[PDB]
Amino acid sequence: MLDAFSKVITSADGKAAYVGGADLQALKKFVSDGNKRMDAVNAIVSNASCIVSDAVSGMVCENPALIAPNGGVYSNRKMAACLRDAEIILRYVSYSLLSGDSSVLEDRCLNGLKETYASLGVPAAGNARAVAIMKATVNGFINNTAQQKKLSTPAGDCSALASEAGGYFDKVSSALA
């Protein structure tokens, strides 16, 4: 597994790892489809806020009781906690795609999450839909089929990377179901 970022992840203190030159050369030969992978990651990070807001907004628009009394995102505090979680999850997925594995996503983000949501009464159906919309949106951005905001890249195929990203969302889905 890629161990470039393990130190800054473990320290979790805002310190940054900068990977360039020979260290970036190495990284991009380590993981598969190196340069395409960086673009696939950018397809997520350059659209992070849109991905999150679209997913949570879709979750609500399909079931507006979610913003009514007793609803999972009734009150600004709950809506903001939900948007925060969606972004947390998305970023662990984006890091999984950058690093080429889901170890940090599983260990630091998902382990115990189902139980946490259960204790708080976070609605499973709404959560599953938010994740589903993020998955589909990320797929569109990776494949550059999004209708409004595209990313300029050299012509080619990122279907393997798209599937890999999908797989990471599936880990989130598995863990929460």
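A residue's number is simply how far along the shown sequence it sits, counting from 1.
S.K.: So 106-114 or 44-52, which one's hotter by mean CA B-factor in the entry?
M.R.: Higher mean C-alpha B-factor in the PDB entry: 106-114.
S.K.: Which is higher on average in the deposited entry, the C-alpha temperature factors of 25-33 or of 134-142?
M.R.: The stretch with the larger mean CA B-factor is 25-33.
S.K.: Would you mind ranking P64 by its C-alpha B-factor against the rest of the chain and naming the third, lowest, middle or highest?
M.R.: Its C-alpha B-factor belongs to the middle third of this chain's values.
S.K.: How does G126 rank on Cα B-factor within its chain, lowest, middle or highest third?
M.R.: Tercile = middle for this residue's CA B-factor.
S.K.: Within this chain, which third does the Cα B-factor at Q147 fall in: lowest, middle or highest?
M.R.: CA B-factor rank for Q147: middle third.
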